[PDB]
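Note sheet for the following structure.
In order of appearance the chains are A, B, C and D, and numbering begins at 1 in each one.
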Amino acid sequence: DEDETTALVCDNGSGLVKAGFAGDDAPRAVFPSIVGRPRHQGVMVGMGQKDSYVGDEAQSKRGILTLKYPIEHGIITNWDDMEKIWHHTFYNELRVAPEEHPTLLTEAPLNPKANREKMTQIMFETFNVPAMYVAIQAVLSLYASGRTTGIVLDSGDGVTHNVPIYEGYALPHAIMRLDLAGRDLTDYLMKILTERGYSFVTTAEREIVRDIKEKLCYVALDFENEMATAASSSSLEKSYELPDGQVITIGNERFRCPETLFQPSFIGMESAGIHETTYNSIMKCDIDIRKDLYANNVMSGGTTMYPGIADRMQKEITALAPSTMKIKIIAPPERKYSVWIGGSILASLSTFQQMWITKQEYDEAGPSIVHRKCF
Amino acid sequence: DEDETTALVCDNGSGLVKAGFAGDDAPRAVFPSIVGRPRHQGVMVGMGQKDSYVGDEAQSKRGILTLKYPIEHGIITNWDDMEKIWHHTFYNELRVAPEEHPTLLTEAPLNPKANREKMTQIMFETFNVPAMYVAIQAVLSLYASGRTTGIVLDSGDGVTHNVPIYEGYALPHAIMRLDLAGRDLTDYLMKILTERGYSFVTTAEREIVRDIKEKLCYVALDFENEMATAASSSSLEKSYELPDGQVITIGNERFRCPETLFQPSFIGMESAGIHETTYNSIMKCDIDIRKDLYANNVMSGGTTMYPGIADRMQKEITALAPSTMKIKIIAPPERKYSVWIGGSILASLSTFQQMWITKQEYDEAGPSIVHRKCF
Amino acid sequence: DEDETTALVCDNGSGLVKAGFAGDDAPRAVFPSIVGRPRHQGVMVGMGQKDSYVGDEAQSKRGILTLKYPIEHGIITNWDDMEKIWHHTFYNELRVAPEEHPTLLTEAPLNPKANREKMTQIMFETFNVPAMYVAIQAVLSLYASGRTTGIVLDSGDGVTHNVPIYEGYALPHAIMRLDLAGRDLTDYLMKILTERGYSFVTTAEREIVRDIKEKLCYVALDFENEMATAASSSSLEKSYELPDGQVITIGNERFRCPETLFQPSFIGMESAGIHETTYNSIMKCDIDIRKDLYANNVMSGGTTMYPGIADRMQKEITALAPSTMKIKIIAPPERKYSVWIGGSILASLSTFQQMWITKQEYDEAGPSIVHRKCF
Amino acid sequence: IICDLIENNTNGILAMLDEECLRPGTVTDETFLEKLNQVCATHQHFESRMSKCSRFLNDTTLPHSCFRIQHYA
């Protein structure tokens, strides 16, 4: 429980549930958003086997489970599994009663309507929270950024999206949503590791490839110069010990894995890339905003924890932007939590406390109340 | 506030509010007469966003505002917005109490009656000034001109008008009013910049085009010789860096923009032009006045700050006037403020102090008191 | 080829190339202005794959292409791609030699100068036409309207524009250009279909959303009454079968998609709307013209093929116009081709045959010859 | 009434200054005084010159960059 009735912030973005109380600088519960179910028979009698394992426990027991992410591309697809994720979030990891704490859910912009409606329905009807508020995730990243002016991208596990904001005013006609993120980079890394000779196809082995992506991948500045550098010798080739076995040795896959985030034609996705959707999100704004966006380009979320993504980002945008502009890629080491941290700052505001969606008016109006009071 | 109860002069002509105290050589407050209102949602909580921004602050925040001039062609059209302009004029820019200072408002000749009546109503009823006086703007330009004999044009942002005066006596049958001024030249410059390839349609981009007009435009002496000169080569072509972006390069638009002021058929306005309304304003006077008008042709207001407008003016009028006349175009560098400066000189006169319209007689007679005591 | 040397009319406005011979009541070639290029590897050997597919063939093969409109907002942006569009127009669809037929190109008013200059350069230098003539598109809509007096809007795929004409005389100071048209309505429909739950982001899926816009959208008369009507029940909700798959079911998006054309704040464009730019285009004319404009308000082009746009148009303009005026919205079922049809009528005039811009004088003067002889 | 004006968690002056120390962006003293001019205007005992409901606007004895609180003294 909690000594106070301080509001909860539950960032459940697409692939890593992180949650805690308001006023904290870091979430108290960080666990992957997986639901593992056993696919083999239980032969030992009276052990204490469960029906489904949730989160970090499913990450431990993954050798005898199948792992299902209940949320994909920022869209919740298994509502009973996501109910297990939230039940594990409040009752097991936080160990708190949700009937006493307001909750601040995060979504992605340009999401389905039934996502936020049914998420509101499960928050009020199943868990009985006193008040809730669903907010756009990159706006919250700009809260923890300490700025009221800037264009933001977060790049979670399922969705990257640019939200440009000038002087506190949202520019919703210029919000870009690109469904290319860390889970797609994990699948592409599974493909190119299959190219080298290491066949990972199991969902547990998919988590192994995710760990390879987190530990060994980095963003190149010039993809052909690093590509010919890896083609020259074994200078950048790095080895990784697999869980419970042998050692693999990966080469150019270190930078071919996140280059898909800049060149989405690698995974076959016709789009402009993360730098060009950032630049197009700047150019779809009004003109006298634009330099303040270039000086406050905020890259403060998830997947963008690669080494050298800020230099590549400033190189590509500075190549796209006109001269005599100051392009500043704000990329703090507070990333991968700053969408949550700005959730804590937004929940800790005094004037925000009228903007909560409570009971009684949800109970007056129904699940469309978010489309009244959320952005 | 002010150490004295010295009278205020508030020249609010059509597009640039400039105001100050009497006895000053220059106005203490110069800001554009705009009211900007936000057209986008406020997504940052607790920032300090306002309902409407006035003047220079609206000029700064113009990327997320819409800009509305409350006064057009010298006629006030939004009285609540103009009340915001005056409230910002006395209380924010000057930081003074209007209940202790007489005010000297300026209008254009041949104006609507409800303009000066309702302006009198807002001065006495809303702001509670002790005394006011509304005066014709070009007469005030002849005060700062240092002459009691001359024909005056000012060319503000909404109205140009000739007032011929001989030996202190107004000639009101010969007052010309032409509704062609700097805002129309801004719109025509938006059209011909659209002709070159630069599309400005936003009100903020309209202010950008106004800055292009102020910084790069000039009046040609022979429009066909400068026209064929620009058609010959790139000699007069000048480049301008846009706010927050790229560099444009404009050519003949430098002199096609103010030539509309001499040839009003460019914007489709059937009239004689500024030189021919000046000459017709001279010829509608009595005959033994006329040479003293030609020797004291005063061009001492707003829009006429173009380079080479005095040479074009003396060329056209000298072409229209008969020979053996001395045509002298009085065009000081004290322009764009001389209508205010003569407001200060008129307010600083000792014998003028009976001509103020005070309380008690406004309170006796009502808002028609200006039509008793103003010209 | 053709039995005669009858002049060609090639209306290539912004998003749908339609062309034919003069004297016809309908264009012989109608195809979308797209250039599709393959983004995947050709794995079948000796099939007959091309480098780029143009128009209707690119509309068929769009599942393995990327689609690029070479002209956007009435401005040609890819001249080599537009050269493919014209080459496909004369040689593939019409199957004719352009060296024997005069051509009548259409542009939008207030266009870039290098558009008509370089379009003239490609017509004479690449295709070697004997004579050409570039004309303003809404003027041509007034030719097929059968009137010499009226204000016209066409609303193509990239630009809507009002041209008021009285007794055959153009009023070019009152021409309105608004860059809000069917491609912007397609993008906004992609956004609000993303709101419902259907994610279209591919350029082929953009063409699917364009087909949804053409088949299911209509203009509401009162947006709040139809909005609350769709909020009341499922009365106006209509379903659409996607290409090669499932059935979607769209509701209020049917009238929120074209309401952006009346309220441009939906796509974030600060403007007055199509009814208020029509009314302002009327009010910027001379006074004794205005009723003849109201009785001959012509709405005879592209995007305005929505159901109920004439009733909404007459409602809004009749609300804006003073009483005792006869507001008549001329909206024939000959729309979407009447800009071409008046191209045929203008090319079929006898006295027009001196107004063609031929060789030898283009060859005397260069590409500025249109700025001599076109409007 | 006075204590509430400072104590209140949603419009009290300590809650507004706690918010101003928390809320992102340009945080000056001027923006805090403008926030107090926004969220304490319709209070009886708050007194500032640039308040929106001000009957102390023409009170020349109130300098800008200052405000008054109607304490019992």
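Everything below uses one rule, namely that a residue touches a chain if its C-beta (ideal position, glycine included) is under 8 Å from a C-beta of that chain, and two chains touch if they have at least 3 such contacts.
Novice: Could you tell me which pair, A-D or B-D, is linked by more C-beta pairs in contact?
Specialist: Answer by contact count: A-D.
Novice: Among A-B or B-C, where does the A-C interface recur, judging by over half of the contact pairs matching in residue number?
Specialist: It is B-C that reproduces the contact pattern of A-C.
Novice: Roughly how far is subunit C from subunit D, going centre to centre by Cα mean, in whole Å?
Specialist: Inter-chain centre distance comes to 56 Å.
Novice: I'd like to verify one number: the distance from the centre of subunit A to the centre of subunit D, where each centre is the average of its C-alpha atoms, in whole angstrom.
Specialist: The separation of the two C-alpha centroids amounts to 40 Å.
Novice: Can you list the subunit C residues in contact with two or more other chains?
Specialist: Counting only residues that touch two or more other chains, subunit C contributes 268.
Novice: Of all the residues in subunit D, which ones touch at least 2 other chains?
Specialist: Touching at least two other chains: 19, 23-25.
Novice: In their shared complex, at which residues does subunit B touch subunit D?
Specialist: 1, 44-48, 91, 95, 97-100, 128
Novice: For a test of understanding, state which residues of subunit A touch subunit D in their complex under the given definition.
Specialist: Touch residues, subunit A against subunit D: 142-143, 145-149, 168, 345, 348-351, 353-354.
Novice: Which part of subunit C faces subunit B closely enough to touch in the complex?
Specialist: So the residues of subunit C in touch with subunit B come to 110, 112-114, 171-174, 177, 179, 265, 268, 270-271.
Novice: Which part of subunit C faces subunit A closely enough to touch in the complex?
Specialist: Within the complex, subunit C touches subunit A at residues 39-40, 66, 191, 194-197, 199, 201-203, 267-269.
Novice: Using the touch definition up top, name the residues of subunit D that touch subunit B in the complex.
Specialist: Going through subunit D, the ones touching subunit B are 19-20, 23-25, 31, 34-35, 38, 50, 57-58, 60, 64.
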